[PDB]
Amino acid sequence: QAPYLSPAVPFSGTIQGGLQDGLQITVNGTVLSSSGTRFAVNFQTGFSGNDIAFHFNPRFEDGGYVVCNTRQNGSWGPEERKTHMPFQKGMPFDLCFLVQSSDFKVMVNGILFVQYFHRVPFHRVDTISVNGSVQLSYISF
């Protein structure tokens, strides 16, 4: 699939073919300095953000941590929290999501950061959405 170049945030874009085992999705952008304390990348079903298979949610709060969660029919599940922050306000990042049979493997600037075990079927995902305190250079596949 051709990349999305400099899309405005908040952004929502189709993942052509849906999520597939071995698919790699890169989000390349910059964390904003004066526009809040959180962003998220959502792997979701269509345009209701009510069904989000994987919400990846860095928070520049409390020393910095990342929330990983799933939303179903509007309701957020129990969070998994990673109490390390690999991003920095005002710095560019390369964020890579690799779909695997049982989990997502998430890399930041080339280094494995977290794995998120599938809670819902990943083949149901057809949309990536990004919002909060970031600007995007590209999303690629």
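Definition used throughout: the rigid core is the maximal C-alpha set that superposes within 1.5 Å between two forms. All residue numbers are counted from 1 along the displayed sequence.
- Fitting each structure in 8 other deposited structures of this protein onto the rigid core and averaging C-alpha distances over structures and residues, 27-35 emerges as the more displaced of 27-35 and 65-73.
- Look at the mean CA B-factor for 32-40 and for 50-58 in the entry; the higher one is 32-40.
- Mean C-alpha B-factor is higher over 81-89 than over the other stretch, the pair under comparison being 81-89 and 94-102.
- Ranked within its chain, residue 2 lands in the highest third, by CA B factor from the PDB record.
- In the deposited entry, the Cα temperature factor of residue 112 sits in the top third of values across the chain's modelled residues.
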